[PDB]
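We begin with a single chain expressed as structure tokens, specifically the form deposited in one PDB entry.
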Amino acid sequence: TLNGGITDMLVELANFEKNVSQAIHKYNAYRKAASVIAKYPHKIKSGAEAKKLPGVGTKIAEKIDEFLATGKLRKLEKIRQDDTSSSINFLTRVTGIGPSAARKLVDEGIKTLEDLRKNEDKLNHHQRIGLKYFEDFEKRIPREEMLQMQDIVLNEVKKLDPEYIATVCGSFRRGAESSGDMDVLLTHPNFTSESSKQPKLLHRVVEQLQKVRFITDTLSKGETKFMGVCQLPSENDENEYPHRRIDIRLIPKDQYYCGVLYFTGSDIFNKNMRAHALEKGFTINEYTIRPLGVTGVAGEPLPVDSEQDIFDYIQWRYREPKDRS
């Protein structure tokens, strides 16, 4: 990295403006600038040089100026010392606990994991499971464990019904050496635009994975989406593998491509691509890609027979899953 310290600084300032202050704009800004700066070809030597960059104005230039001057930033240093801040920020690491919740738990004297482990009566189910697996939900999933996971999901999926098409998208499809959470797309001939929404098509799969005791817990659970916890079998006389996070989405059969596009790419990549959609008078959704009208309102979706087709609609160059970050 060339300006690592300034990007690192601005991002730390970003989390703080979200998790602690909940000033979305002051978080988006430190975010926008951090990227505009990671791109910048030369080493930044001053605040004004950097202010010429779009996405960085006077309050960010000032902090850059102080960071170059002194090898640090006071505001960052104080923030790191403030107990209520490091507390609030840390509770966010628990899945289920976001900005507001972390704040109340801190406001009420709950700050640590153990404190939380002594006050489960305040957490909801999701926050509780998160608290239950705070250490395991941290560890990254190697590329091989994801394969073994995919093996169990894929196998059992057909065992129930052969007409099921499962695709472990997310970071895995992109070719990552490790993964945060196993994202699996699912589709079936009974689910279509013309259908009337089948809640059993996903439930059937979950109960089957639960029966085999792969999916242990259940965070979210609905018709299309399922957020939960899964786990690989403990081969006799070996330490059981960590409990991972697993999302399962049920995309209509005739809208599959919108599904894999969305579920694969990248959060940021989707942000950029979907933004470019409106740029071309289109609206990319994970079910359909319908063009924005001659004034705003989007009409009927444009048929798609490949991710490729989607990239073509927005006059954009196709990005093979691996270059979506």
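Don't overthink the numbering: it's just position in the shown sequence, from 1. Residues that one form lacks are left out of the comparison. Here the rigid core means the biggest group of C-alpha atoms that line up within 1.5 Å when the two forms are laid on top of each other.
Beyond the structure shown, there is the form deposited in another entry, which is absent from this document and is the topic of what follows.
Annotation: Cα of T112 displaced by less than 2 Å between the shown form and the other one, core superposition.
After superposition on the rigid core, displacement of the C-alpha of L202 between the shown form and the other one stays below 2 Å. Superposed on the core, the two forms differ at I79: its CA moves 2 Å or more between the shown form and the other one.
Shown here is a form in which the CA atoms of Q308 and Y164 lie at least 3 Å farther apart than they do in the other entry. Compared with the form shown here, the Cα atoms of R204 and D305 move at least 3 Å closer together in the other entry. Taking the core as reference, several blocks of three or more adjacent residues between the shown form and the other one have all their Cα positions offset by 2 Å or more: 1-18, 21-81, 261-263, 266-325.
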